[PDB]
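A.B. asks: Let me give you the structure first, and then I'll get to my questions.
Virtual Cβ from ideal backbone geometry, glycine too; neighbours counted across all protein chains shown. Each answer follows from the model by the rule given with it, or from the source it names; nothing here is a laboratory result.
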Amino acid sequence: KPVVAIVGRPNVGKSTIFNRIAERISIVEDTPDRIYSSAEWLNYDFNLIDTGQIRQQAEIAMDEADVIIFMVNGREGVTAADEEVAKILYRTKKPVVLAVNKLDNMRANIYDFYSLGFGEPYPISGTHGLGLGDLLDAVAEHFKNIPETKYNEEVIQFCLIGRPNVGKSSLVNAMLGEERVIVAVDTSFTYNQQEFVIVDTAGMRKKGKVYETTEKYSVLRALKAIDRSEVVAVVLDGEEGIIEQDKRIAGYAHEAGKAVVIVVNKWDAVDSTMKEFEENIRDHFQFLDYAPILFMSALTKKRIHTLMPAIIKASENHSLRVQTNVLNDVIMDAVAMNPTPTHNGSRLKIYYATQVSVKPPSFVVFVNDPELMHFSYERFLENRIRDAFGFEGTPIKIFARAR
Ligand SMILES: Nc1nc2c(ncn2[C@@H]2O[C@H](COP(=O)(O)OP(=O)(O)O)[C@@H](O)[C@H]2O)c(=O)[nH]1
């Protein structure tokens, strides 16, 4: 069932590798010309795809395929022509893997290929079919995060999670009632003529034809939605306040690496009370600090509009992709301020940094010794980055590898 797309500028072995992991399909059940299932022998199954200036491939590809293999040529390196393909493929929420043709994993030791910014290279000799098992290992994993429900990439998916009676049902409509908004297990609406989807909106429709089973099945119901949403809205109870489950479902988002927002509903029904309740939230949600605290009301529409904007802001950042050149200026700037730690002689060195993921954005820092980068410096960098391009709404992770 999964769908994989080899992409890259022409004359890089795209056509070679395809035959490696190729029989064709014709008049059999499908959601599509020129589709193939995986080379039957192979460990796993999925569909391959022929995509038919390369902008046409790149879009048609990321229209119809949930894991994309972008393939350069390492005979003579990261071509000018290549960097524009990457630039096209930066506009996708789907995974991407980096095939580097004709190399020894040795000839692979090139920071240039990391720059392109889709993570680690995976070298592949093509004629001998070396280094390929690792590639399909790096691809297949993503099959485990492909949702069985799919939308156009320009659709934006989100959810209103929390404990019961807090506002979830009331508050969804108040938004839909606004004139900017224009009205299937989910609600598929538009705002400013742009598609939107509140994921599992039967979190409302089910609970009122059905006596409330128990905490377990509803939370699970919610965490399953979170797996499909890009922005979560953790929507509290303004009278009642903090607890277990709010935190529990809200902690899963950060641990899923999800764009979070903190809505405080039933604020009409509240009599300094903000900033004491804010730092009360920031105490008990001291990981969610990037995410903004909204003090709206569903019942009286108070600040109801302070919402879809904040989502778009969070959704925009969750995707937001930084230039490798600027980023390193920021990082070189980091150390000149605060020198790296001493481990009595052995000091940490930061050679080179680069973006690799999004949803949520993720950076690798290349160093002399990974464990020498203690978490303290790791966050210092994180805090520096956020004072540069904001990223206010989203989590970001910072891995680190030996050069
Ligand atoms: N009087 C009163 N009304 C409540 C109480 N709890 C909930 N409600 C009402 O029921 C609604 C519950 O909100 P809802 O959006 O359904 O939250 P959800 O059930 O978690 O989606 C509120 O807007 C309140 O008017 C309560 O303790 N007292």
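A.B. asks: Just need a number here: residues in region 100-149 that are assigned to a helix (DSSP H, G or I) and farther than 30 Å from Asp186 by Cα.
C.D. replies: Going residue by residue through region 100-149, those that are assigned to a helix (DSSP H, G or I) are 111-116, 132-143.
Going one step further and asking which of them are farther than 30 Å from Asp186 by Cα, we end up with 111-116, 132-138.
Going through region 100-149 one residue at a time, the tally reaches 13.
A.B. asks: Which of the residues that make up region 367-396 are closer than 16 Å to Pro341 by Cβ and in contact with a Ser or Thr (Cβ under 9 Å, 6 or more places away or on another chain)?
C.D. replies: Of everything in region 367-396, those that are closer than 16 Å to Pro341 by Cβ and in contact with a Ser or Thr (Cβ under 9 Å, 6 or more places away or on another chain) turn out to be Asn368, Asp369, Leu372, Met373, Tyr377.
A.B. asks: Right, next: Can you tell which of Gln245, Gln286 is on the phi < 0 side of the Ramachandran plot and within 16 Å of the ligand (Cβ to nearest atom)?
C.D. replies: Just one listed residue meets the conditions, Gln245.
A.B. asks: Next up: Which pairs turn up if I take residues in region 165-178 that are farther than 14 Å from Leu294 by Cβ and in the same structural domain as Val263 (by CATH) and look for partners that are of a type outside the set (A, V, I, L, M, F, W, C) and more than 8 Å from the ligand (Cβ to nearest atom) with beta carbon separation below 7 Å, at least 6 apart in sequence or on another chain?
C.D. replies: From region 165-178, the pairs are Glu178/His305.
A.B. asks: Then there is this: Tally up the residues in region 192-214 that are away from the ligand (no atom under 16 Å from the Cβ) and surrounded by 15 or more Cβ atoms within 10 Å (Cβ to Cβ), please.
C.D. replies: 2
A.B. asks: OK, next. Restricting attention to region 142-175, report how many residues are hydrophobic (A, V, I, L, M, F, W, C), in contact with a helix residue (DSSP H, G or I) (Cβ under 9 Å, 6 or more places away or on another chain) and within 20 Å of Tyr90 (Cα to Cα).
C.D. replies: 1
A.B. asks: Tell me which residues, restricted to region 215-225, are more than 13 Å from the ligand (Cβ to nearest atom) and either crowded, with 19+ Cβ neighbours inside 10 Å or at positive phi (or both).
C.D. replies: Correct list: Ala225 only.
A.B. asks: A follow-up question, please. Hey, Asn152 hits all of (1) under 17 Å from the mean Cα position of the chain (by Cα); (2) assigned to a strand (DSSP E or B) but one; which does it fall short on?
C.D. replies: (2)
Yes or no, residue by residue, for (1) buried (at least 20 other Cβ atoms within 10 Å of the Cβ); (2) over 30 Å from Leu299 (Cβ atoms):
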| position | (1), (2) |
| --- | --- |
| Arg91 | no, yes |
| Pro95 | yes, yes |
| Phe113 | yes, yes |
| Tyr122 | yes, yes |
| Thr127 | no, yes |
| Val181 | no, no |
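A.B. asks: Given the conditions (1) under 17 Å from the mean Cα position of the chain (by Cα); (2) more than 16 Å from the ligand (Cβ to nearest atom), which single one is not true for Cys159?
C.D. replies: Going through (1) under 17 Å from the mean Cα position of the chain (by Cα); (2) more than 16 Å from the ligand (Cβ to nearest atom) one by one, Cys159 breaks only (2).
A.B. asks: If you don't mind, there's one more thing I want to ask. For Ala259, work out the one condition from (1) within 15 Å of the ligand (Cβ to nearest atom); (2) under 30 Å from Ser357 (Cβ atoms); (3) among the small types (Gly, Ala, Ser) it doesn't fulfil.
C.D. replies: Here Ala259 clears every test but (1).
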